[PDB]
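A quick write-up on the structure given underneath.
None of the figures in this text is laboratory data; all of them are computed from the coordinates on show. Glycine gets a Cβ as well: all are built from the backbone with ideal geometry, and neighbour counts include every protein chain shown.
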Amino acid sequence: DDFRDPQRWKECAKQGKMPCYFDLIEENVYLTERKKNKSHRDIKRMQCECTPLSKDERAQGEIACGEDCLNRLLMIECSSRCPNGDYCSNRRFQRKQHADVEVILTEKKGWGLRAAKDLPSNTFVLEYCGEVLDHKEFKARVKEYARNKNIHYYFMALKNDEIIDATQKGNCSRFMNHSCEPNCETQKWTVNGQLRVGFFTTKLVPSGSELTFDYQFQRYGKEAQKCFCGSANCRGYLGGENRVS
Amino acid sequence: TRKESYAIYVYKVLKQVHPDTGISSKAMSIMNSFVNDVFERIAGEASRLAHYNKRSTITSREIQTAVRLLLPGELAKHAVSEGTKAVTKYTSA
Amino acid sequence: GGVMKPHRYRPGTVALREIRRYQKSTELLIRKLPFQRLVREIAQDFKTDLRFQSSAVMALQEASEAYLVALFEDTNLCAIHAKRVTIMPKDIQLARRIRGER
Amino acid sequence: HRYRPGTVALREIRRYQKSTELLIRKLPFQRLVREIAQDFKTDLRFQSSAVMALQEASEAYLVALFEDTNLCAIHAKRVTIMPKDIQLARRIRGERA
Amino acid sequence: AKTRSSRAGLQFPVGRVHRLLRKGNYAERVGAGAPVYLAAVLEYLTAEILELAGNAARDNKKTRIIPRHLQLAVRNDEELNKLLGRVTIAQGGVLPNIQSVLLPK
Amino acid sequence: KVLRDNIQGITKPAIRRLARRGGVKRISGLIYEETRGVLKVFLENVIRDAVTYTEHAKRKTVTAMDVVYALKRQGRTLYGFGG
Amino acid sequence: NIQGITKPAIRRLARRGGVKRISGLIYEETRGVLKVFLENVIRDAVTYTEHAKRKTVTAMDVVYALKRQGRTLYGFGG
Ligand SMILES: [Zn+2]
Ligand SMILES: [Zn+2]
Ligand SMILES: [Zn+2]
């Protein structure tokens, strides 16, 4: 179904059986980056206090840096200088240890992803990556694009003054729908100092089940929208007349 | 003016033990303070022993028993061995 | 169309992060200049018109921070013995009683 | 009849806190001291006065330790001193590691 | 050799120690073996501490021993720690230690 | 210039940071004032002793050596500033 | 030998300390603490005796031993 190829096929904008209209993104690229971050000044290395063996695999062995590792409990992944080296199970964003996914039609509301096989709780699925916008640029791009009569606005505020844009370039984690019964959740991880977001599960998702998380209600303009899931308490509309951000 | 210190001897010992390792100024000061502190404690204990035994001099015996009262077991044992060895070497030479 | 934020940390996590952070470094934690002002005031009330070598103030601050860190360690020990996790004033008093401080 | 549990203890506290006589009978304590001393040197003698001083110091130290232990157990909402209390006390004192 | 330290095969200044003992009003008179013994003791303690301090500096990939190293060394060695159990090291910091009940489950 | 209320210069974040270096995780609200009191007591004692030594010395300025002597008096010996 | 410190004696000491309820394991823990305390003090006292070249441990030696340990005692010729 996905069939990612570099040759652009005949497909207008639906991103169905020919998702080759936009350009994919591997890592979120920055625009105005400067040496004004706590990257190598104070947080140089948050090494974990593990004492592994690595001399026993597939027989009475254990996976290094498990849930008893401090870094994992901290929402932080071990660095390249982990005592295990390459046997550390924390560097999942570096090794790109994603899970099986697929994009197909699942409802008239929009494209969505369904589980292909079993996927236990607390497992990395995909990553959110996109263009990170500046302060003066966000308020101008939003108003210039708001007049472009579009329904999807892939905007995510990483921090109070950093919004990530996946419109021009978006990875596989862009078609996910929303429902009032979240089976997944996002977590803010710190790898190599920089902050990164991910997508983990929370329950034993069966084979052939939807994969969506709870969005955060927010409005920018006067118009409003609603959902179409209808799980148990499908509110749809925003939580009142809110204006914060 | 002259501000005496154990800096040089500490350097010699360090290079004896870690030839390829430096010491910071702050660390050097701390080391000096430790040296002075241990000196004072041992000397005071020895003087106390001298007084208790109605004795008018400090000999290596007073220092030795003072160490035995001050340092812990293994530390005291090795320190005593070293002190007696140094005393014997000094006497012979 | 709106902008959504990812998630929010559970309480206590950053407490642990800070704990390790400050247990790794050594740099002084109390800010310098208020400390100097407090020390000057205290000395003033003991005797007027005193001046200080900066190094003296620094040594005072070092000893003060060390004393306080040890005190907090003992306080945490007391808190744990009282099947609690939040240190509370009575914990400090118990620590100071047992220490032989008044 | 019967005294309710926890009363005779208070009477004894009033009783012992008003006197100063040693509370460990001498001879077992003395034999303990000689046993302990033997492990550092053989064929050793002790002035009875020395043994009395040892006993004085030891009992006074123990009373102080128990005072602290009772304080700890009270802080732990308890009324019965328990080993962990003594451990905490000594730890804060700095005697035990 | 001229230096008494060379006679005793010691790196520390035996003469300085002898002066110190005599200029400290510890007793009327000072024996000749005490300066040697005390200098040997001081040398031994300094060497023992420096060994661990250098080892710690190595563990932190550092060419110079800094106060943090001196702390780490002393506090990790039970006997040294006991000798300096009532001492504060400027810029020493503390050993990394978190109580169990404070860890998440 | 008069000095007043400088004890409150020991701000809450600083005390929190210290308690972090002490291994504390959750801090009760009243802890801050008690800690202020404890610090004031400790500083009063140490500065009394140091000022005493300085007075005997007939000096108008407090020297680090005075502080070190005072601390050693309190059974709280400090390395790193001489002595 | 060590057990010669009878449980009720430990109770009496604690009572003088102001304790009302005592646990079983207490007794042995107290025994251990007493053994350690005696060990340290007697060690120092012997050391003092040995330096004196005496086969008889004196009270004065006990006194200096306690004074070293910061546990000064009065009433034995301080
Ligand atoms: Zn690990
Ligand atoms: Zn790892
Ligand atoms: Zn809905």
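Some points to look at:
- Cα long-axis angle, helix F:31-57 against chain F (0 to 90 degrees, to the nearest 10): 0 degrees
- Distance from the Cα centroid of the range B:15-93 to that of the range A:1-79 is 57 Å (rounded to whole angstrom).
- Among the listed pairs C:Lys83/F:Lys72; F:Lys1/F:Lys40; B:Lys26/E:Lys61; C:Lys47/F:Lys40; B:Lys26/E:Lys82; B:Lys77/E:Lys61, those whose Cα-Cα separation exceeds 28 Å are C:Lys83/F:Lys72; B:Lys77/E:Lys61.
- Calculated translational diffusion coefficient of the range B:1-81 (25 °C, 0.890 mPa s; Stokes-Einstein with Kirkwood radius over alpha-carbon pairs) equals 168 µm²/s.
- Membrane-span-like helices in chain E, defined purely by DSSP H runs whose alpha carbon atoms cover 27 Å or more axially and whose average Kyte-Doolittle hydropathy reaches 0.0, are E:33-59.
- Reduced Cα scattering model of chain F, Debye log10 I(q)/I(0), q = 0.16 Å⁻¹: -0.80
- Area projected by the alpha carbon convex hull of chain A, averaged over all directions, nm²: 16.7 nm²
- Here, P(r) means the percent of Cα pairs in each 10 Å bin from 0 to the largest distance; for the range E:3-88 it is 16, 34, 30, 18, 2, 0.
- Candidates per trypsin sites (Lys or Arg not before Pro) in chain D, loop by DSSP, up to 11 other Cβ within 10 Å: D:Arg2, D:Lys77
- Helix A:135-146 and the longest principal axis of the C-alpha atoms of chain A enclose an angle of approximately 40°.
- The amide H of B:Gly22, built 1.01 Å from its N in the peptide plane, has E:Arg64, E:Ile65 as neighbours under 5 Å, considering only residues 5 or more places off or on other chains.
- Centre-to-centre, using Cα atoms only, the range C:44-102 and the range D:1-56 are separated by 37 Å.
- With contacts taken as Cα pairs under 8 Å at a separation of at least 6 residues, the range A:94-243 carries a relative contact order of 28 percent.
- Measuring nothing but how far apart in sequence close Cα pairs (under 8 Å, 6+ apart) lie, relative to its length, chain B scores a relative contact order of 18 percent.
- Counting, for every residue in B:5-14, the Cβ atoms of other protein chains within 10 Å of its Cβ and taking the mean gives 5.
- Neighbour-limited loop hits for trypsin sites (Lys or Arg not before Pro), the range A:83-179 (at most 13 other Cβ within 10 Å; DSSP other than H, G, I, E, B): A:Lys96, A:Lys108, A:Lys109, A:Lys117, A:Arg147, A:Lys149
- Candidate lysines - alpha carbon under 19 Å from G:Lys20, same-chain residues fewer than 8 apart omitted: D:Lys18, D:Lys77, D:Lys84, G:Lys7
- Mean separation of Cα contacts under 8 Å, 6 or more apart, over the residue count of chain D: relative contact order %: 17 percent
- Taking the centroid of alpha carbons for each part, the range F:47-83 and the range G:6-78 are 35 Å apart.
- Zero-based 5 Å bins, Cα pair distances in chain C, whole percents: 2, 9, 13, 15, 15, 16, 11, 7, 5, 3, 2, 1, 1, 0
- Estimated translational D of the range A:42-96 in µm²/s (Stokes, Kirkwood radius over Cα pairs; 10 °C; 1.306 mPa s): 135 µm²/s
- Taking only the C-alpha atoms of the protein assembly as shown, Rg followed by Dmax gives 34.6, 109 Å.
- Chain G: GluC sites (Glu not before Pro) in DSSP loop, at most 12 other beta carbons within 10 Å: none
- Helix C:89-98 vs. chain C, principal-axis angle (Cα, 0 to 90°, nearest 10): 50 degrees
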